[PDB]
Amino acid sequence: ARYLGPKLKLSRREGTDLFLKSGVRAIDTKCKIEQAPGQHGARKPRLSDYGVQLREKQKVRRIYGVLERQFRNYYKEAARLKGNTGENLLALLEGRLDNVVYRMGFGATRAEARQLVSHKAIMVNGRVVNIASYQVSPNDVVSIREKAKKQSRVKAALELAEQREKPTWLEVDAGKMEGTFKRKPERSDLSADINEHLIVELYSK
Amino acid sequence: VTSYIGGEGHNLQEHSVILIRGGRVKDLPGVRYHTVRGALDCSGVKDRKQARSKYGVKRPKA
Amino acid sequence: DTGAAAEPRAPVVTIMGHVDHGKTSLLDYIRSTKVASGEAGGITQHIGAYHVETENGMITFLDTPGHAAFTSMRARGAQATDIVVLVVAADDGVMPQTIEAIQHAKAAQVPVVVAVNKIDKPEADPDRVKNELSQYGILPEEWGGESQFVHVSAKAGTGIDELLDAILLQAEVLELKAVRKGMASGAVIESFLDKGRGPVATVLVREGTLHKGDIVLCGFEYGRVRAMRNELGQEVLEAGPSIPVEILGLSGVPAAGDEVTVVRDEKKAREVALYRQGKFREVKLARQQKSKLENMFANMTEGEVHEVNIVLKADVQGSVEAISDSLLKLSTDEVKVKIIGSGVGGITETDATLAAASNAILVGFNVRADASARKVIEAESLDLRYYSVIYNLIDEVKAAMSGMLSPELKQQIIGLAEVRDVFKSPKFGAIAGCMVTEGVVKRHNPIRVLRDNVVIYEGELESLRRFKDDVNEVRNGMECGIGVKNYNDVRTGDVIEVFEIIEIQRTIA
Amino acid sequence: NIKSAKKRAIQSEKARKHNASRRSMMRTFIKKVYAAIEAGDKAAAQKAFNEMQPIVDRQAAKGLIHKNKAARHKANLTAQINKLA
RNA sequence: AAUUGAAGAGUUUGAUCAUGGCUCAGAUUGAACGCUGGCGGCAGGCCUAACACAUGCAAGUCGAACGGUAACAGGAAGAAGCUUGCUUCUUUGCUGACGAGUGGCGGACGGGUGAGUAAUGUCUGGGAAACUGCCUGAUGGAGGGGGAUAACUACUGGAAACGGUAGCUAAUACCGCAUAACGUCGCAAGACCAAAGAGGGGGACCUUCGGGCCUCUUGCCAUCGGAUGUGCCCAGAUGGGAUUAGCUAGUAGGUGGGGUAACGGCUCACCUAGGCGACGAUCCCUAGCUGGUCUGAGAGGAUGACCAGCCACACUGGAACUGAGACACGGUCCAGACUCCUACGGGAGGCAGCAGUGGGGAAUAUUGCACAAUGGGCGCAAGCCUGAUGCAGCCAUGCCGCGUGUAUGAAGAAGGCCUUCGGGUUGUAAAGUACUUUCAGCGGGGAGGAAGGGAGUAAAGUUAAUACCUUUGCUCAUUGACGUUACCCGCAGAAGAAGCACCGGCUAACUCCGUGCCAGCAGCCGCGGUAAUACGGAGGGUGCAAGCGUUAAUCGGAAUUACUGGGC
Ligand SMILES: Nc1nc2c(ncn2[C@@H]2O[C@H](COP(=O)(O)OP(=O)(O)NP(=O)(O)O)[C@@H](O)[C@H]2O)c(=O)[nH]1
Ligand SMILES: [Mg+2]
Ligand SMILES: [Mg+2]
Ligand SMILES: [Mg+2]
Ligand SMILES: [Mg+2]
Ligand SMILES: [Mg+2]
Ligand SMILES: [Mg+2]
Ligand SMILES: [Mg+2]
Ligand SMILES: [Mg+2]
Ligand SMILES: [Mg+2]
Ligand SMILES: [Mg+2]
Ligand SMILES: [Mg+2]
Ligand SMILES: [Mg+2]
Ligand SMILES: [Mg+2]
Ligand SMILES: [Mg+2]
Ligand SMILES: [Mg+2]
Ligand SMILES: [Mg+2]
Ligand SMILES: [Mg+2]
Ligand SMILES: [Mg+2]
Ligand SMILES: [Mg+2]
Ligand SMILES: [Mg+2]
Ligand SMILES: [Mg+2]
Ligand SMILES: [Mg+2]
Ligand SMILES: [Mg+2]
Ligand SMILES: [Mg+2]
Ligand SMILES: [Mg+2]
Ligand SMILES: [Mg+2]
């Protein structure tokens with residue numbers, strides 16, 4: 001249920017930083033951004049109108065690390081919900097447990113966030129949760145258990161977590177090593193460079 | 001009925017009943033089927049590496 | 001197979017010989033059964049193992065018939081058994097089938113004890129047997145070669161006491177190694193197919209242990225045992241390394257014989273069984289490509305291309321491999337015979353269909369027609385023949401082959417005639433007046449027209465006409481007339497040779 | 001197979017021979033009614049009606065003729081005996 | 001708050017625009033094959049031969065219905081080998097129980113199957129001329145007699161199944177008499193119909209000292225109702241074909257008789273000459289139908305697996321009995337096909353029950369565990385039976401979730417591939433360094449599915465009675481097939497776990513080499529005859545992921561049957 005191959009190849013193919021290279025050091029420097037995606041990737045960037053719809057599908061999926069079958073269920077769930085389907089698509093992806101672990105800054109990367117959640121270190125409202133796909137709703141507290149607390153893996157992430165955006169929709173805390181999800185994020189608070197109108201089109205046909 | 005044999009070369013003749021999947025591709029006059037290589041008594045394509053799913057070629061140990 | 005536990009076992013014994021030494025009689029008398037001559041053929045064409053309880057201890061008996069045809073059965077029966085017995089008759093002496101059994105005893109490094117079958121007949125003497133088999137290193141007596149001879153009536157039922165003792169002792173002098181509990185393993189005697197019960201096998205278990213829940217793997221076949229049957233006994237709960245028990249519940253009919261090993265779980269044994277199939281299938285296609293490419297030409301270099309096809313399904317698995325080898329012995333260069341789709345048992349739709357595509361005889365050692373089988377056989381023109389014995393089969397297949405031949409060995413001249421004073425006809429273009437010097441000229445018999453000893457033209461007569469009579473036959477020294485189509489030039493002095501055509505017929509050998 | 005209702009099979013055989021005899025005698029009283037109706041005897045019609053009345057209603061109480069069949073005999077045969085009379 | 005949502009591309013021609021077909025992108029399946037494969041949850045799993053079957057099991061249960069000792073668990077009596085305290089072996093139904101048999105209830109339910117049936121069917125909506133055990137409400141009888149019989153004995157026919165003759169014995173078996181409206185039959189007067197006891201305990205007038213009787217529980221009988229189920233009738237809807245246009249004698253209707261529980265040509269005699277039909281009769285072919293499932297924006301189209309309702313069928317064909325209910329899956333009788341047994345006279349069997357085998361077919365499973373739980377059958381209850389059901393095994397068949405590491409790491413290493421030999425790419429990938437131990441493996445702890453039932457007590461309700469029984473508290477012993485349960489904790493160590501298709505355009509993703517109209521690809525237009533991004537291999541890449549791809553089937557696209565929504 002995971003990629004396991006090279007994370008930067010996914011970032012180089014899209015031509016945008018997916019934040020899988022967050023870790024200790026960030027903002028690339030060493031990159032080779034686009035220019036040679038493969039061996040003959042230096043060929044002209046002209047691409048079909050069908051392909052750019054499929055390209056944006058991969059851009060969103062490769063950030064969070066979701067597979068097409070698992071992603072189809074979130075699109076199917078986003079369609080049945082009220083309001084805009086595109087806005088609810090990213091909302092259900094943002095409602096994942098491992099993503100909320102990444103935003104608060106417990107995991108350094110999004111892959112490490114799923115890695116830490118898999119070992120049952122994260123507890124929500126007291127009870128432990130193994131599954132990274134667990135749906136987080138408003139007024140749901142989250143925290144790391146007494147076992148594996150204040151380790152060099154989790155401690156290094158929380159230090160450098162302050163340097164990033166620091167999202168408004170949840171409290172960072174990091175004093176007692178817990179967190180709280182206040183409300184569902186707004187359209188202005190996410191997306192921007194990634195588009196919702198492009199990704200949604202491909203499943204209509 | 002009649003059926004095309006895919007792949008490079010075969011041992012197929014006379015007896016030893018073989019599997020026939022079907023499907024239409026147009027080359028000979030009136031050929032509406034295809035034989036399955038690497039099934040029942042039908043030999044697979046020797047020394048093939050790409051497209052192992054088609055033609056019944058097993059994965060080499062490495 | 002852990003703990004290294006060593007427990008004594010009942011010795012498995014096989015018996016070999018030339019047909020007719022009353023090899024079966026020895027068993028049946030001990031078994032107090034006498035099933036001999038109760039079955040078709042009067043002789044034993046099948047293999048079976050029967051354990052009896054007699055002092056001292058326990059012993060089981062196995063028997064294989066000795067014939068040119070059963071090359072495999074006697075080979076496998078020797079290596080499986082700890083002790084081999086060779087029956088010999090003072091009247092029969094030594095025979096080429098008996099010496100064949102000698103090799104199976106030494107090559108399998110199995111100790112051998114023998115018995116003189118006839119003490120009843122006055123023309124039978126032991127001294128003849130000892131001396132004539134003396135030449136062969138096997139069967140020494142009191143020469144320091146440790147081998148012991150037994151003299152039994154086999155009809156009289158006379159001991160026997162000595163033979164039995166030798167067998168017990170011969171098994172006693174050598175250490176008997178087995179284990180009561182552990183990993184079960186062994187060999188398969190004979191396998192066949194049943195309609196209600198399903199596919200079954202008769203298995204000798206080297207290490208003796210069994211259970212209804214235990215998974216067993218025979219060759220490339222795998223499965224859980226549904227039930228256990230021992231000889232007459234319909235059900236047995238437990239089976240030891242000594243006594244044989246028929247196994248049931250296997251996926252399909254296994255090989256006629258092989259090594260069988262039980263496993264803890266079936267899932268782990270699935271990949272192994274499928275692995276053996278892949279190798280057996282790979283060599284099957286391998287041997288298929290070689291035989292076809294071996295000729296290195298698009299056809300046969302000569303006229304032996306005419307062949308006969310046969311379809312065989314025998315109830316027992318042991319026969320189809322064994323008798324086919326004997327069925328390939330009768331094969332000849334002229335007419336080639338080949339087996340197609342050897343079955344495990346009975347008959348089936350795809351089998352009758354197999355004989356429908358290519359014309360063939362459908363035969364079985366022992367088989368019955370299925371309800372769906374009768375409909376196909378009765379509709380299209382075919383032949384269903386079942387034979388109790390292999391000898392009646394081996395004879396008729398040859399018969400089928402002998403008939404196939406179409407040889408005419410005679411091209412003797414019927415008459416020879418010289419033509420003179422040609423006449424003209426509208427229909428044939430020419431009429432050559434003739435005078436028969438020898439023999440009788442006939443209408444439809446072929447002719448050879450030759451001039452100066454070389455043949456100018458050849459053909460078959462269309463019209464034989466003398467005057468306006470147009471008689472079909474003309475004798476010698478009687479004026480005659482002749483004409484033929486496609487013959488342009490008639491010249492005097494040439495002679496026409498008419499000859500009848502006859503077929504000698506052919507036999508196979 | 002030796003199974004369950006072979007006890008009930010011979011009971012139904014006994015019940016058949018019992019009921020077939022009781023149904024046969026039941027009808028013979030009804031059979032004597034139309035003998036008087038087809039003939040010119042008015043007295044024997046009413047006499048035969050009073051003979052069948054006790055026995056036929058008794059079979060309805062037993063639960064073999066099934067209530068309304070026994071009632072229908074008296075319903076039809078009332079209209080026939082007083083037709084000519 | 002609740003059926004709120006609609007994609008096109010390629011291909012006729014030198015090129016264009018219409019018309020028009022073919023093909024592809026989508027989703028789905030009771031799937032299969034090919035390759036590959038770690039675990040868990042839930043669901044599904046003979047679509048073809050309604051082809052045939054070995055063995056076990058699938059319906060039995062009441063001594064609180066009644067004769068009974070055929071087993072063994074006690075007690076009792078008696079005779080013995082002896083140990084003065086006990087065993088041993090024949091009698092005894094006194095008893096805890098119980099083989100076989102009689103009787104009652106259930107074998108008409110549960111389960112399976114899609115052969116028939118294009119309408120005695122199903123669906124939807126009504127109607128009156130009917131029945132309905134077990135279970136309930138209402139009002140009364142349960143009085144008094146006789147004659148059998150299985151079992152078991154005495155014989156005898158039989159290989160077996162299974163009887164025959166002659167005695168003996170009870171009953172909630174069976175049959176009379178008496179009793180009789182609120183019932184049935186009648187305009188009325190009248191006529192006429194039923195039964196069964198058994199079990200627990202007990203003062204009083206008490207027994208031929210069986211128990212009457214009082215009382216409680218349960219059952220029987222009759223009638224008017226309730227509920228449920230079943231039967232019957234009408235309307236509408238529910239396949240194709242006009243290359244089937246005429247089809248019907250019980251056929252349509254009436255009267256009378258008989259018949260069904262009940263209306264009726266349901267079935268007869270007689271009378272009349274109608275009935276159905278172009279709004280598709282009849283005939284032929286095909287098919288269970290519906291709630292729904294699949295697809296679709298909707299309308300439609302296709303489809304009737306599992307789940308659930310109804311109908312039909314139970315080796316083939318036909319018939320009736322028992323019973324409230326069957327014209328009966330594991331009942332009986334007869335005929336047909338076919339299996340087994342036999343002393344050859346004569347019997348026995350029906351897996352379209354659960355497993356499973358022969359065989360069909362591309363192909364679909366274990367001859368498992370348990371009544372622990374739900375729900376039936378019987379019984380007062382205990383309890384027994386239950387292949388229904390609950391569970392396990394098997395298969396990646398489908399759906400969903402998780403893992404096969406994460407982070408750092410330039411020497412942009414080695415090797416492979418390409419290279420105009422400057423290098424580029426594989427590539428933060430690997431190695432190395434720093435961390436974690438999920439799911440597997442190993443060792444511990446431990447929910448819930450369990451309420452009851454059983455044995456002692458207390459009060460209350462029945463009652464002549466603080467008996468007894470029932471109900472309601474309380475206390476003490478318990479009842480888990482699944483089950484090395486779910487789950488939680490600890491240990492070791494990145495250890496055990498990634499393949500598959502495709503890359504000419506459509507269609508996301510390109511070079512080299514080999515082969516040279518050869519060998520081959522292809523879903524469509526088409527590629528290859530010496531620079532092939534189309535073949536084969538390698539490198540690289542893309543899509544998807546314990547799946548992947550191909551084929552087959554249905555719809556969409558297809559406004560290409562166009563009602564919505566097209567033309568001549
Ligand atoms: N005179 C005599 N004849 C005997 C004796 N023993 C056996 N026989 C004969 O042998 C015959 C039986 O032979 P059998 O055992 O069937 O031979 P077989 O063992 O089947 N031969 P194979 O093994 O090759 O199939 C009988 O007919 C009998 O007359 C004996 O002691 N004396
Ligand atoms: Mg998945
Ligand atoms: Mg001889
Ligand atoms: Mg495999
Ligand atoms: Mg009437
Ligand atoms: Mg049972
Ligand atoms: Mg009993
Ligand atoms: Mg009496
Ligand atoms: Mg009665
Ligand atoms: Mg009245
Ligand atoms: Mg009365
Ligand atoms: Mg009475
Ligand atoms: Mg009428
Ligand atoms: Mg049908
Ligand atoms: Mg549409
Ligand atoms: Mg029938
Ligand atoms: Mg009846
Ligand atoms: Mg088959
Ligand atoms: Mg390099
Ligand atoms: Mg674990
Ligand atoms: Mg519990
Ligand atoms: Mg509870
Ligand atoms: Mg592209
Ligand atoms: Mg290819
Ligand atoms: Mg080239
Ligand atoms: Mg349409
Ligand atoms: Mg048009």
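Because the Cβ atoms are built from the backbone with ideal geometry, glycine has one as well, and the counts that use them run over all protein chains shown. Here, each number is a calculation from the coordinates, and none is a lab measurement.
What do you reckon, is C:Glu100 surrounded by 17 or more Cβ atoms within 10 Å (Cβ to Cβ) and under 26 Å from the mean Cα position of the chain (by Cα)?
Criteria met by C:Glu100.
Out of the residues in region B:14-62 meeting the condition of being under 13 Å from the mean Cα position of the chain (by Cα) and polar (S, T, N, Q), tell me which one is farthest from ligand 3 (Cβ to nearest atom).
The qualifying residue farthest from ligand 3 (Cβ to nearest atom) is B:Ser53.
Name the one entry in C:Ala357, C:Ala352 that is among the hydrophobic types (A, V, I, L, M, F, W, C), surrounded by fewer than 18 Cβ atoms within 10 Å (Cβ to Cβ) and within 14 Å of chain B (Cβ to nearest Cβ).
Every option except C:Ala357 fails the conditions.
It is to be established whether one or more residues within region C:7-28 are free of Cβ contacts under 8 Å to residues at least 24 places away in the same chain and small (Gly, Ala, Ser).
Within region C:7-28, none of the residues are free of Cβ contacts under 8 Å to residues at least 24 places away in the same chain and small (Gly, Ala, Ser).
Could you tell me which numbered condition C:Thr437 fails, if it satisfies all but one of (1) in contact with a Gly (Cβ under 6 Å, 6 or more places away or on another chain); (2) more than 14 Å from chain B (Cβ to nearest Cβ)?
The number of the failed condition is (1).
Taking region A:80-108 as the region of interest, how many residues are within 9 Å of the chain's Cα centre (by Cα) and not basic (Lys, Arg)?
Summing the residues that are within 9 Å of the chain's Cα centre (by Cα) and not basic (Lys, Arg) in region A:80-108 gives 6.
Please go through region C:485-509 and pick out each residue that is out of contact with any strand residue (DSSP E or B) (no Cβ under 6 Å at 6 or more places or on another chain), surrounded by fewer than 16 Cβ atoms within 10 Å (Cβ to Cβ), over 16 Å from C:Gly439 (Cα atoms) and not basic (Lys, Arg).
C:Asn486, C:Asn488, C:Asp489, C:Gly493, C:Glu503, C:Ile504, C:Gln505, C:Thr507, C:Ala509
Scan region C:50-60 and tell me whether some residue there is out of contact with any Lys or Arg (no Cβ under 6 Å at 6 or more places or on another chain) and without any contact (Cβ under 8 Å) to a residue 12 or more places away in the chain.
yes
What are the residues in region C:458-484 that are under 17 Å from C:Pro426 (Cβ atoms) and surrounded by 12 or more Cβ atoms within 10 Å (Cβ to Cβ), if any?
Once the filter is applied, which keeps residues that are under 17 Å from C:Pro426 (Cβ atoms) and surrounded by 12 or more Cβ atoms within 10 Å (Cβ to Cβ), region C:458-484 yields C:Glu462, C:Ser463, C:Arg465, C:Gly481, C:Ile482, C:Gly483, C:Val484.
What helices (runs of 4 or more DSSP H) lie completely within region A:1-119 and have 1 or more residues being farther than 20 Å from A:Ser137 by Cα?
By residue number, A:7-14, A:49-64, A:68-80, A:110-118.
Please report, ordered by residue number, the strands (runs of 3 or more DSSP E) entirely within region C:177-286 with at least 1 residues that are within 14 Å of chain B (Cβ to nearest Cβ) and over 19 Å from C:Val316 (Cβ atoms).
Those strands (runs of 3 or more DSSP E) do not exist here; none qualify.
Identify, from the list C:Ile310, C:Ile323, the residue that is closer than 16 Å to C:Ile394 by Cβ, touching a residue at least 40 places away in the same chain (Cβ under 8 Å), within 14 Å of chain B (Cβ to nearest Cβ) and touching a helix residue (DSSP H, G or I) at 6+ places or on another chain (Cβ under 8 Å).
Selected residue: C:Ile310, the only one of C:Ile310, C:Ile323 that is closer than 16 Å to C:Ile394 by Cβ, touching a residue at least 40 places away in the same chain (Cβ under 8 Å), within 14 Å of chain B (Cβ to nearest Cβ) and touching a helix residue (DSSP H, G or I) at 6+ places or on another chain (Cβ under 8 Å).
Looking at region C:78-107, which of its residues are out of contact with any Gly (no Cβ under 9 Å at 6 or more places or on another chain), closer than 30 Å to C:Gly240 by Cβ and small (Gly, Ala, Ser)?
Those that are out of contact with any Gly (no Cβ under 9 Å at 6 or more places or on another chain), closer than 30 Å to C:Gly240 by Cβ and small (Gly, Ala, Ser): C:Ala78, C:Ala105, C:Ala107.
Just one of (1) surrounded by fewer than 22 Cβ atoms within 10 Å (Cβ to Cβ); (2) within 12 Å of the chain's Cα centre (by Cα); (3) under 23 Å from A:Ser191 (Cβ atoms) trips up A:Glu112, so point out which.
(3)
Check whether at least one residue in region B:21-35 is part of a loop (DSSP other than H, G, I, E, B), of a type in the set (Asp, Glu) and either over 22 Å from C:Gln288 (Cα atoms) or away from every other protein chain (no Cβ under 14 Å) (or both), and report yes or no.
yes
Suppose we filter region A:60-69 for residues that are within 9 Å of RNA strand E (Cβ to nearest atom) and surrounded by 13 or more Cβ atoms within 10 Å (Cβ to Cβ); how many remain?
Counting residues in region A:60-69 that are within 9 Å of RNA strand E (Cβ to nearest atom) and surrounded by 13 or more Cβ atoms within 10 Å (Cβ to Cβ) gives 4.
Scan region C:460-483 for residues that are out of contact with any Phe, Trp or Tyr (no Cβ under 7 Å at 6 or more places or on another chain) and either of a type in the set (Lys, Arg) or in a strand (DSSP E or B) (or both) and jot them down.
C:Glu460, C:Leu464, C:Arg465, C:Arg466, C:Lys468, C:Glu473, C:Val474, C:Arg475, C:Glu479, C:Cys480, C:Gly481, C:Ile482
Would a scan of region B:46-61 turn up a residue that is assigned to a loop (DSSP other than H, G, I, E, B), under 28 Å from C:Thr353 (Cα atoms) and more than 16 Å from ligand 2 (Cβ to nearest atom)?
The answer is no; no qualifying residue exists.
Is it true that some residue in region C:298-306 is surrounded by 11 or more Cβ atoms within 10 Å (Cβ to Cβ), over 21 Å from C:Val216 (Cα atoms) and within 14 Å of chain B (Cβ to nearest Cβ)?
no
For residues that are touching a strand residue (DSSP E or B) at 6+ places or on another chain (Cβ under 8 Å) and in a loop (DSSP other than H, G, I, E, B), scanning just region B:1-10, find the one that is nearest to the other protein chains (Cβ to nearest Cβ).
Out of the qualifying residues, it is B:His10.
Condition check ((1) hydroxyl-bearing (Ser, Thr, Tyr); (2) out of contact with any strand residue (DSSP E or B) (no Cβ under 9 Å at 6 or more places or on another chain); (3) more than 20 Å from C:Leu250 (Cα to Cα)) across all residues:
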position	(1), (2), (3)
C:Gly318	no, no, no
C:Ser324	yes, no, yes
C:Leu328	no, no, yes
C:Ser331	yes, no, yes
C:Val335	no, no, yes
C:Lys338	no, no, yes
C:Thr350	yes, no, yes
C:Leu354	no, no, yes
C:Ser358	yes, no, yes
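Looking at A:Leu190, A:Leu170, which one is touching a residue at least 12 places away in the same chain (Cβ under 8 Å) and under 19 Å from A:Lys57 (Cβ atoms)?
Testing whether each residue is touching a residue at least 12 places away in the same chain (Cβ under 8 Å) and under 19 Å from A:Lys57 (Cβ atoms) leaves just A:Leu190.
Tell me yes or no: at least one residue of region C:100-118 is free of Cβ contacts under 8 Å to residues at least 24 places away in the same chain and under 22 Å from C:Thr158 (Cβ atoms).
no
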